[PDB]
$ cat structure12.cif   # mmCIF, C-alpha atoms
data_data
loop_
_atom_site.label_atom_id
_atom_site.label_comp_id
_atom_site.auth_asym_id
_atom_site.auth_seq_id
_atom_site.Cartn_x
_atom_site.Cartn_y
_atom_site.Cartn_z
CA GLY A 16 17.81 -74.47 18.78
CA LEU A 17 17.88 -74.96 22.50
CA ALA A 18 20.12 -73.10 24.99
CA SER A 19 23.04 -75.51 25.65
CA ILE A 20 25.56 -75.74 28.55
CA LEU A 21 28.91 -75.61 26.62
CA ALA A 22 31.32 -75.69 29.63
CA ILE A 23 31.21 -76.09 33.48
CA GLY A 24 33.86 -74.81 35.92
CA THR A 25 33.88 -75.01 39.74
CA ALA A 26 36.03 -73.55 42.56
CA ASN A 27 36.05 -73.78 46.39
CA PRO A 28 37.93 -71.95 49.17
CA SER A 29 41.40 -73.55 49.64
CA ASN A 30 40.69 -74.46 53.35
CA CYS A 31 39.19 -77.99 53.72
CA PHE A 32 37.30 -79.12 56.89
CA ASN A 33 36.82 -82.87 57.61
CA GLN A 34 33.36 -83.46 59.18
CA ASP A 35 34.95 -85.88 61.76
CA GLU A 36 36.97 -82.94 63.26
CA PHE A 37 34.36 -80.14 62.61
CA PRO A 38 32.41 -80.34 65.93
CA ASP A 39 35.75 -79.92 67.87
CA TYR A 40 36.90 -77.09 65.49
CA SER A 41 33.56 -75.13 65.31
CA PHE A 42 32.88 -75.30 69.11
CA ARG A 43 36.52 -74.15 69.84
CA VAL A 44 36.60 -71.07 67.50
CA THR A 45 33.07 -70.01 68.74
CA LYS A 46 34.34 -70.37 72.39
CA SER A 47 31.52 -72.94 73.13
CA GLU A 48 33.52 -76.09 74.18
CA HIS A 49 31.84 -75.96 77.67
CA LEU A 50 28.40 -76.61 76.01
CA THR A 51 29.11 -80.40 76.01
CA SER A 52 25.36 -81.33 75.72
CA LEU A 53 24.97 -79.01 72.62
CA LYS A 54 28.32 -80.21 71.12
CA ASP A 55 27.06 -83.86 71.43
CA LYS A 56 23.81 -82.85 69.59
CA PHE A 57 25.99 -81.34 66.78
CA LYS A 58 28.29 -84.37 66.42
CA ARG A 59 25.11 -86.46 65.94
CA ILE A 60 23.90 -83.87 63.33
CA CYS A 61 27.36 -84.16 61.61
CA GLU A 62 27.27 -88.02 61.66
CA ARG A 63 23.79 -88.10 60.02
CA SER A 64 24.70 -85.27 57.52
CA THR A 65 26.45 -87.72 55.05
CA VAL A 66 28.89 -84.75 54.59
CA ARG A 67 32.56 -85.94 54.77
CA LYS A 68 34.34 -82.64 53.77
CA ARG A 69 33.44 -78.99 53.13
CA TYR A 70 35.50 -76.02 51.87
CA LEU A 71 34.98 -72.86 53.98
CA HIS A 72 36.47 -69.34 53.52
CA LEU A 73 35.90 -68.72 57.31
CA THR A 74 39.12 -69.82 59.11
CA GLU A 75 40.02 -69.41 62.83
CA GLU A 76 42.28 -66.49 61.66
CA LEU A 77 39.34 -64.52 60.11
CA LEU A 78 37.19 -65.16 63.28
CA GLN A 79 40.08 -63.75 65.42
CA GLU A 80 40.19 -60.64 63.11
CA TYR A 81 36.32 -60.38 63.14
CA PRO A 82 35.29 -61.83 66.55
CA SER A 83 31.66 -60.54 66.10
CA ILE A 84 31.13 -63.34 63.44
CA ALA A 85 32.09 -66.03 66.07
CA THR A 86 29.18 -64.90 68.31
CA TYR A 87 25.46 -65.46 67.66
CA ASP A 88 23.73 -62.06 67.82
CA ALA A 89 26.48 -59.45 68.00
CA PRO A 90 26.47 -56.77 65.22
CA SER A 91 28.59 -58.46 62.46
CA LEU A 92 27.09 -57.50 59.04
CA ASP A 93 29.80 -54.85 58.28
CA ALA A 94 32.59 -57.45 58.95
CA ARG A 95 30.78 -60.16 56.86
CA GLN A 96 30.16 -57.64 53.99
CA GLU A 97 33.86 -56.51 54.08
CA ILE A 98 34.92 -60.20 53.57
CA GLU A 99 32.27 -61.22 50.97
CA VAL A 100 32.23 -58.19 48.55
CA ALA A 101 35.96 -59.10 48.02
CA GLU A 102 35.73 -62.93 48.15
CA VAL A 103 32.42 -63.76 46.31
CA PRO A 104 33.76 -62.24 43.02
CA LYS A 105 37.26 -63.84 43.48
CA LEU A 106 35.82 -67.38 43.92
CA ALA A 107 33.36 -66.63 41.04
CA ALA A 108 36.37 -65.61 38.86
CA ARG A 109 38.21 -68.92 39.63
CA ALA A 110 35.09 -70.95 38.57
CA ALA A 111 34.46 -68.70 35.50
CA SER A 112 38.17 -69.06 34.43
CA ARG A 113 37.85 -72.91 34.50
CA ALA A 114 34.53 -72.68 32.52
CA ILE A 115 36.06 -70.24 29.93
CA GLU A 116 39.23 -72.47 29.55
CA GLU A 117 37.08 -75.61 28.88
CA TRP A 118 34.87 -73.54 26.49
CA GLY A 119 38.15 -72.58 24.71
CA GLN A 120 36.75 -69.32 23.16
CA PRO A 121 37.87 -65.70 23.77
CA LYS A 122 36.09 -63.63 26.51
CA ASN A 123 35.11 -61.08 23.76
CA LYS A 124 32.36 -63.56 22.76
CA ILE A 125 30.73 -63.49 26.25
CA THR A 126 27.67 -61.17 25.77
CA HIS A 127 25.66 -61.87 29.02
CA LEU A 128 26.56 -62.48 32.71
CA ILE A 129 24.06 -64.00 35.20
CA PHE A 130 25.55 -63.85 38.74
CA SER A 131 23.71 -65.38 41.75
CA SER A 132 25.16 -64.69 45.27
CA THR A 133 23.63 -64.87 48.78
CA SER A 134 26.46 -62.56 50.05
CA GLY A 135 28.25 -59.23 49.33
CA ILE A 136 25.18 -56.96 48.71
CA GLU A 137 26.84 -53.75 47.42
CA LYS A 138 26.67 -51.10 44.62
CA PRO A 139 28.20 -51.62 42.22
CA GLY A 140 27.48 -55.38 42.64
CA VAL A 141 29.77 -58.46 42.63
CA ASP A 142 28.66 -58.85 38.93
CA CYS A 143 30.63 -55.60 38.13
CA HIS A 144 33.57 -56.75 40.37
CA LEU A 145 33.63 -60.05 38.36
CA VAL A 146 33.66 -58.13 35.00
CA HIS A 147 36.86 -56.27 36.10
CA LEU A 148 38.50 -59.41 37.68
CA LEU A 149 37.96 -61.54 34.48
CA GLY A 150 38.46 -58.63 32.03
CA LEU A 151 35.01 -59.35 30.48
CA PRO A 152 33.75 -56.83 27.86
CA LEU A 153 32.29 -53.66 29.49
CA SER A 154 29.23 -54.17 27.15
CA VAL A 155 28.29 -57.52 28.85
CA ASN A 156 24.52 -57.59 29.76
CA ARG A 157 24.40 -58.32 33.54
CA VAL A 158 21.67 -59.94 35.70
CA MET A 159 22.69 -59.69 39.42
CA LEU A 160 20.54 -61.96 41.66
CA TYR A 161 21.22 -61.31 45.40
CA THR A 162 19.85 -63.57 48.18
CA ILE A 163 17.56 -66.11 46.35
CA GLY A 164 19.00 -68.54 47.57
CA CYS A 165 18.97 -72.44 47.61
CA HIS A 166 16.89 -72.82 44.34
CA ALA A 167 19.14 -70.22 42.53
CA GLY A 168 20.82 -73.05 40.51
CA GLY A 169 17.47 -73.58 38.72
CA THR A 170 16.75 -69.80 38.59
CA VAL A 171 19.99 -68.90 36.67
CA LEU A 172 19.41 -71.80 34.17
CA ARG A 173 15.78 -70.58 33.63
CA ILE A 174 17.00 -66.98 32.92
CA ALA A 175 20.06 -68.14 30.88
CA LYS A 176 17.72 -70.15 28.55
CA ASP A 177 15.64 -67.05 27.53
CA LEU A 178 18.74 -64.76 27.20
CA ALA A 179 20.65 -67.39 25.10
CA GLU A 180 17.60 -68.29 22.92
CA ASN A 181 16.43 -64.68 22.18
CA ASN A 182 19.89 -63.23 21.18
CA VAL A 183 21.58 -64.84 18.11
CA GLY A 184 25.31 -65.52 18.77
CA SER A 185 24.88 -64.74 22.52
CA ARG A 186 27.13 -66.61 25.04
CA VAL A 187 25.91 -66.43 28.70
CA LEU A 188 28.45 -66.70 31.55
CA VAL A 189 26.34 -68.06 34.47
CA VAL A 190 27.92 -67.97 37.98
CA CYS A 191 26.62 -69.10 41.41
CA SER A 192 29.14 -68.03 44.12
CA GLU A 193 28.17 -69.08 47.67
CA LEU A 194 30.14 -68.39 50.89
CA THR A 195 28.71 -69.18 54.37
CA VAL A 196 30.52 -66.06 55.81
CA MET A 197 27.16 -64.15 55.89
CA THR A 198 25.21 -66.89 57.84
CA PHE A 199 27.93 -68.47 60.09
CA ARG A 200 27.32 -67.86 63.85
CA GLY A 201 28.12 -69.49 67.23
CA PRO A 202 25.98 -72.46 68.37
CA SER A 203 22.95 -71.96 70.71
CA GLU A 204 20.21 -74.33 72.10
CA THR A 205 17.81 -71.46 71.02
CA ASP A 206 18.59 -72.07 67.27
CA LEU A 207 18.49 -75.73 66.03
CA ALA A 208 18.14 -74.65 62.33
CA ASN A 209 21.59 -72.90 62.59
CA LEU A 210 23.21 -76.04 64.21
CA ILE A 211 21.96 -78.05 61.16
CA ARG A 212 23.18 -75.20 58.84
CA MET A 213 26.71 -75.12 60.40
CA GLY A 214 26.82 -78.95 59.85
CA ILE A 215 25.52 -79.18 56.22
CA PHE A 216 26.43 -75.95 54.32
CA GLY A 217 29.81 -75.44 52.58
CA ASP A 218 31.33 -72.80 50.25
CA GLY A 219 31.66 -73.12 46.46
CA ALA A 220 31.26 -71.37 43.10
CA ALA A 221 30.10 -73.00 39.82
CA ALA A 222 30.28 -71.22 36.42
CA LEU A 223 28.97 -72.35 33.03
CA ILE A 224 28.81 -71.02 29.42
CA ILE A 225 25.30 -71.26 27.80
CA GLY A 226 24.65 -70.64 24.08
CA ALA A 227 22.02 -71.70 21.53
CA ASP A 228 23.26 -72.98 18.10
CA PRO A 229 26.85 -73.83 19.15
CA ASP A 230 29.50 -74.08 16.37
CA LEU A 231 30.15 -77.88 16.66
CA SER A 232 33.62 -77.34 15.01
CA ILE A 233 34.81 -75.57 18.28
CA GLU A 234 31.96 -75.88 20.91
CA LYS A 235 30.69 -79.09 22.62
CA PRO A 236 27.14 -79.03 24.09
CA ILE A 237 27.05 -81.03 27.42
CA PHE A 238 23.29 -80.55 28.21
CA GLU A 239 20.37 -78.75 26.49
CA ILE A 240 17.91 -76.75 28.69
CA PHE A 241 14.62 -78.05 27.17
CA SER A 242 12.21 -76.24 29.58
CA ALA A 243 12.28 -74.28 32.89
CA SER A 244 9.33 -73.81 35.33
CA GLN A 245 9.16 -72.19 38.79
CA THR A 246 6.33 -72.79 41.32
CA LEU A 247 5.45 -71.74 44.89
CA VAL A 248 4.17 -74.41 47.34
CA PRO A 249 0.99 -72.85 48.83
CA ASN A 250 1.11 -71.71 52.53
CA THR A 251 4.86 -72.54 52.98
CA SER A 252 6.36 -69.01 53.26
CA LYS A 253 7.92 -69.20 56.78
CA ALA A 254 9.06 -72.84 56.12
CA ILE A 255 12.39 -71.49 54.63
CA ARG A 256 13.31 -68.01 56.01
CA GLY A 257 16.29 -65.63 56.05
CA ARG A 258 16.70 -61.87 56.58
CA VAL A 259 19.76 -59.60 56.13
CA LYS A 260 20.10 -58.15 59.68
CA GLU A 261 22.78 -56.39 61.83
CA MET A 262 23.80 -59.95 62.92
CA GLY A 263 24.20 -61.00 59.22
CA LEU A 264 21.86 -63.32 57.27
CA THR A 265 19.48 -65.24 59.62
CA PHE A 266 18.53 -68.82 58.59
CA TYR A 267 15.49 -71.05 59.28
CA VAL A 268 14.58 -74.34 57.53
CA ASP A 269 11.51 -76.10 59.04
CA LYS A 270 11.83 -79.84 59.93
CA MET A 271 8.79 -80.43 57.58
CA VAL A 272 10.66 -79.19 54.40
CA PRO A 273 11.60 -82.78 53.30
CA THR A 274 7.86 -83.80 53.48
CA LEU A 275 6.68 -80.51 51.81
CA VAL A 276 9.09 -81.05 48.84
CA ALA A 277 8.30 -84.82 48.47
CA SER A 278 4.54 -83.95 48.76
CA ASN A 279 4.79 -81.45 45.79
CA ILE A 280 7.53 -82.96 43.53
CA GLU A 281 5.07 -85.21 41.55
CA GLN A 282 2.99 -82.17 40.30
CA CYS A 283 6.22 -80.39 39.11
CA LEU A 284 7.45 -83.63 37.39
CA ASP A 285 4.00 -84.17 35.75
CA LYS A 286 3.83 -80.57 34.37
CA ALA A 287 7.49 -80.82 33.13
CA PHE A 288 7.37 -84.33 31.52
CA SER A 289 3.69 -84.91 30.39
CA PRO A 290 4.42 -82.90 27.18
CA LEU A 291 7.27 -85.44 26.46
CA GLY A 292 4.98 -88.43 27.34
CA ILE A 293 7.47 -89.39 30.15
CA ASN A 294 5.98 -91.03 33.23
CA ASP A 295 8.71 -93.35 34.69
CA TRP A 296 10.95 -91.27 37.06
CA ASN A 297 13.59 -94.08 36.91
CA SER A 298 13.93 -93.50 33.07
CA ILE A 299 15.42 -89.93 33.46
CA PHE A 300 18.71 -88.79 35.14
CA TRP A 301 18.33 -86.81 38.41
CA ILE A 302 19.91 -83.53 39.68
CA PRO A 303 17.82 -82.71 42.81
CA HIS A 304 19.16 -79.96 45.14
CA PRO A 305 20.49 -81.91 48.16
CA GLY A 306 19.21 -79.60 50.97
CA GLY A 307 20.17 -82.50 53.30
CA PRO A 308 20.03 -86.34 53.46
CA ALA A 309 16.31 -86.25 54.60
CA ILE A 310 15.11 -84.41 51.39
CA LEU A 311 16.96 -87.01 49.19
CA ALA A 312 15.51 -89.90 51.33
CA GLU A 313 11.92 -88.49 50.96
CA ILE A 314 12.28 -88.01 47.13
CA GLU A 315 13.67 -91.60 46.73
CA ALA A 316 10.83 -93.01 48.94
CA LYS A 317 7.99 -90.93 47.33
CA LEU A 318 9.00 -91.59 43.64
CA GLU A 319 10.41 -95.12 44.43
CA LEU A 320 13.75 -94.30 42.66
CA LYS A 321 16.29 -97.17 42.15
CA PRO A 322 19.31 -97.18 44.53
CA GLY A 323 21.82 -95.51 42.10
CA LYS A 324 19.63 -92.61 40.73
CA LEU A 325 21.06 -90.01 43.20
CA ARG A 326 24.74 -91.31 43.21
CA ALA A 327 26.12 -88.07 41.63
CA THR A 328 24.01 -85.85 43.99
CA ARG A 329 25.07 -87.83 47.13
CA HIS A 330 28.74 -87.66 45.93
CA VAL A 331 28.63 -83.79 45.76
CA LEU A 332 26.75 -83.55 49.13
CA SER A 333 29.40 -85.89 50.69
CA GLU A 334 32.47 -84.18 49.11
CA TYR A 335 31.50 -80.44 49.30
CA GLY A 336 28.34 -80.28 51.50
CA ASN A 337 25.33 -78.06 50.58
CA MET A 338 26.71 -75.04 48.58
CA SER A 339 23.18 -73.57 48.11
CA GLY A 340 22.39 -72.55 44.46
CA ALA A 341 25.86 -73.72 43.27
CA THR A 342 25.26 -77.36 44.40
CA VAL A 343 23.10 -78.55 41.40
CA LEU A 344 25.73 -77.03 39.00
CA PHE A 345 28.49 -79.03 40.82
CA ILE A 346 26.20 -82.12 40.36
CA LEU A 347 25.82 -81.37 36.58
CA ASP A 348 29.68 -81.38 36.43
CA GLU A 349 29.89 -84.63 38.49
CA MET A 350 27.22 -86.31 36.29
CA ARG A 351 28.87 -85.52 32.89
CA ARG A 352 32.36 -86.47 34.31
CA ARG A 353 31.14 -89.79 35.85
CA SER A 354 29.30 -90.48 32.54
CA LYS A 355 32.56 -90.09 30.50
CA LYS A 356 34.66 -92.08 33.07
CA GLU A 357 32.13 -95.02 32.97
CA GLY A 358 31.79 -94.89 29.11
CA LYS A 359 28.02 -94.10 29.13
CA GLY A 360 26.29 -93.28 25.78
CA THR A 361 25.20 -89.77 26.99
CA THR A 362 26.37 -87.01 29.42
CA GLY A 363 23.27 -87.93 31.54
CA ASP A 364 24.32 -91.41 32.79
CA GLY A 365 23.41 -92.95 29.36
CA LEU A 366 19.81 -91.58 29.52
CA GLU A 367 18.36 -88.97 27.08
CA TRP A 368 16.16 -86.87 29.46
CA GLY A 369 16.96 -85.49 32.94
CA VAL A 370 15.39 -83.27 35.62
CA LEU A 371 17.28 -80.63 37.65
CA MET A 372 15.33 -79.26 40.67
CA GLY A 373 16.01 -76.37 43.07
CA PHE A 374 14.24 -76.22 46.48
CA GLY A 375 14.41 -72.88 48.35
CA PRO A 376 12.55 -70.03 50.08
CA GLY A 377 8.86 -69.75 49.00
CA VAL A 378 8.81 -72.63 49.34
CA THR A 379 9.97 -72.51 45.67
CA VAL A 380 10.57 -75.51 43.32
CA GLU A 381 12.57 -74.76 40.19
CA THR A 382 12.03 -77.60 37.64
CA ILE A 383 14.46 -77.73 34.63
CA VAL A 384 14.08 -80.46 31.94
CA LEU A 385 17.60 -81.25 30.60
CA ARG A 386 18.48 -83.20 27.43
CA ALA A 387 21.81 -85.12 27.58
CA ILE A 388 24.20 -85.17 24.56
CA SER A 389 25.39 -88.42 22.83
CA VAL A 390 29.07 -89.27 23.68
CA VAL A 391 31.24 -91.40 21.21
#
$ encode --input "structure12.cif" --output "structure tokens"
Amino acid sequence: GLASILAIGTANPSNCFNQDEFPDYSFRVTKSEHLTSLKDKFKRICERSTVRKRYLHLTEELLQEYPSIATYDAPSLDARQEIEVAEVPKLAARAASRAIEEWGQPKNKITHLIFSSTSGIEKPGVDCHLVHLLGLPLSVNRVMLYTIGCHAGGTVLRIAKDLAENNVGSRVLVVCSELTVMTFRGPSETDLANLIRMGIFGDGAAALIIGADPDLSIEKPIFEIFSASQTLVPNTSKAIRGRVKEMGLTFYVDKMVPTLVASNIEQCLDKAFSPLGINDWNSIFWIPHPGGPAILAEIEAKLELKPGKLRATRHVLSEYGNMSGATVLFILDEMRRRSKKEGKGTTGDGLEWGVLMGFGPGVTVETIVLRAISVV
């Protein structure tokens, strides 16, 4: 049958930053408190973000130990790499442990590992580090995806489906582990995209167990991955940009990205749901990647979605910020948990069919058709 999500675990850095206090904090540790005009622009960015809290690995203590990271352009990649090759696997392990505990099965039955990370590019990779941290079998088939990034939630589900469905008895540990250590830099009037980034983006790791043909005596499917499509939006390379440089990972998101996504989402939805004869975008549950509040606003407006469709998505954006590829997996967890707490008939807010969408560099749209499972 279809590749099924059997368990979902999440983890965040232990340090929590309230958005109210973040402009004061960020401008102090980057020695920028004298840039009162720029700090005012960032408070406004933070007020419109709809982000209330984020978890960040970067503390004032780490910036004091690695002062190059607190600047904008100073050579800092070695420092960032030293932090992330250690921390990306550790956070991944915390999320994978929660996923494996919910799953309830022994780690000997994990046959595949898909690991997506922006950070910690190294040989051997954070996928190997995770195998040794979790004590996974040495024979686990690994797919290490470095630097995708924001659509990676859809990417790992697309790859997990084919691995799970082509290997009888296979159980796929999927992990997205995202720290902002690699992209964090001091504020500048010469980089608006990075002001937005330092307002919206938070750290997090989400892990899940995928298998086809679960043993229903011991395993509980939460969602089925019905189909997975990727597409490029034509002539939109350069709309979402990042390069690994001596200053770490650079970051650019164009102000037109909300419009570009909303302008293309209908084609993706039509290709995904026409085979099912589904047409009404209010009749399916929604897991859109919350790049920011503007992208969610434009999707709602364009598809004329009812006021509550994106409740789960907005909750995760508000409570954790944008955790890149991990975010949609956090939203899957939020949706199934809210569904149980509100006594809905399915894991997908009482609805049978759902869409999960990643938006990232390309510009790339990852469209996953999910089937919810009946709760009783």
$ residues_around --input "structure12.cif" --residues "residue 196 in chain A" --least-positions-apart "5" --cutoff "12 Å" --atoms "all atoms listed in the file" --output "PyMOL selection string"
chain A and resi 28+70-74+77-78+81+83-85+91-103+132-135+213+216-219+262-265
$ atom_distance --input "structure12.cif" --atom1 "CA of residue 18 in chain A" --atom2 "CA of residue 112 in chain A"
20.8 Å
$ atom_distance --input "structure12.cif" --atom1 "CA of residue 188 in chain A" --atom2 "CA of residue 122 in chain A"
9.7 Å
$ atom_distance --input "structure12.cif" --atom1 "CA of residue 106 in chain A" --atom2 "CA of residue 210 in chain A"
25.4 Å
$ resolve_selection --input "structure12.cif" --expression "the PyMOL selection byres ((chain A and resi 335-349) around 7)" --output "PyMOL selection string"
chain A and resi 23+25+66+68-70+164-168+191-193+215-221+302-306+327-328+331-334+350-353
$ residues_around --input "structure12.cif" --residues "residue 225 in chain A" --least-positions-apart "2" --cutoff "6 Å" --atoms "all atoms listed in the file" --output "PyMOL selection string"
chain A and resi 19-21+186-187
$ closest_residue --input "structure12.cif" --among "A:316, A:158, A:280, A:271" --to "residue 208 in chain A" --atoms "only C-alpha atoms"
A:271
$ axis_aligned_box --input "structure12.cif" --around "range 235-240 of chain A" --padding-each-side "6 Å" --output "AutoDock Vina command-line options"
--center_x 24.3 --center_y -78.9 --center_z 25.7 --size_x 24.8 --size_y 16.3 --size_z 18.1
$ residues_around --input "structure12.cif" --residues "residue 157 in chain A" --least-positions-apart "2" --cutoff "8 Å" --atoms "only C-alpha atoms" --output "short mmCIF file (atom, residue, chain, number, x, y, z; two decimals) with C-alpha atoms, in the frame of the given file"
data_model
loop_
_atom_site.label_atom_id
_atom_site.label_comp_id
_atom_site.auth_asym_id
_atom_site.auth_seq_id
_atom_site.Cartn_x
_atom_site.Cartn_y
_atom_site.Cartn_z
CA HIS A 127 25.66 -61.87 29.02
CA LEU A 128 26.56 -62.48 32.71
CA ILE A 129 24.06 -64.00 35.20
CA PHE A 130 25.55 -63.85 38.74
CA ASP A 142 28.66 -58.85 38.93
CA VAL A 155 28.29 -57.52 28.85
CA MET A 159 22.69 -59.69 39.42
#
$ closest_residue --input "structure12.cif" --among "A:372, A:151, A:211, A:259" --to "residue 287 in chain A" --atoms "only C-alpha atoms"
A:372
$ resolve_selection --input "structure12.cif" --expression "the PyMOL selection byres ((chain A and resi 246-252) around 9)" --output "list in words"
residues 244, 245, 253, 254, 255, 256, 272, 275, 276, 279, 283, 376, 377, 378, 379, 380, 381 and 382 of chain A
$ residues_around --input "structure12.cif" --residues "residue 117 in chain A" --least-positions-apart "3" --cutoff "8 Å" --atoms "only C-alpha atoms" --output "list in words"
residues 22, 23, 24, 113 and 114 of chain A
$ residues_near_point --input "structure12.cif" --point "(26.4, -66.2, 74.4)" --cutoff "12 Å" --atoms "only C-alpha atoms" --output "list in words"
residues 45, 46, 47, 49, 50, 83, 85, 86, 87, 88, 89, 200, 201, 202, 203, 204 and 205 of chain A
$ residues_around --input "structure12.cif" --residues "residue 242 in chain A" --least-positions-apart "2" --cutoff "8 Å" --atoms "all atoms listed in the file" --output "list in words"
residues 173, 240, 244, 287, 383, 384 and 385 of chain A
$ write_last_selection --input "structure12.cif" --atoms "C-alpha atoms" --output "tab-separated table (two decimals), keeping the file's coordinate frame"
chain	number	residue	atom	x	y	z
A	173	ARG	CA	15.78	-70.58	33.63
A	240	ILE	CA	17.91	-76.75	28.69
A	244	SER	CA	9.33	-73.81	35.33
A	287	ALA	CA	7.49	-80.82	33.13
A	383	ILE	CA	14.46	-77.73	34.63
A	384	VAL	CA	14.08	-80.46	31.94
A	385	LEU	CA	17.60	-81.25	30.60
$ closest_residue --input "structure12.cif" --among "A:53, A:222, A:243, A:370" --to "residue 38 in chain A" --atoms "only C-alpha atoms"
A:53
$ closest_residue --input "structure12.cif" --among "A:17, A:64, A:119, A:288" --to "residue 178 in chain A" --atoms "all atoms listed in the file"
A:17
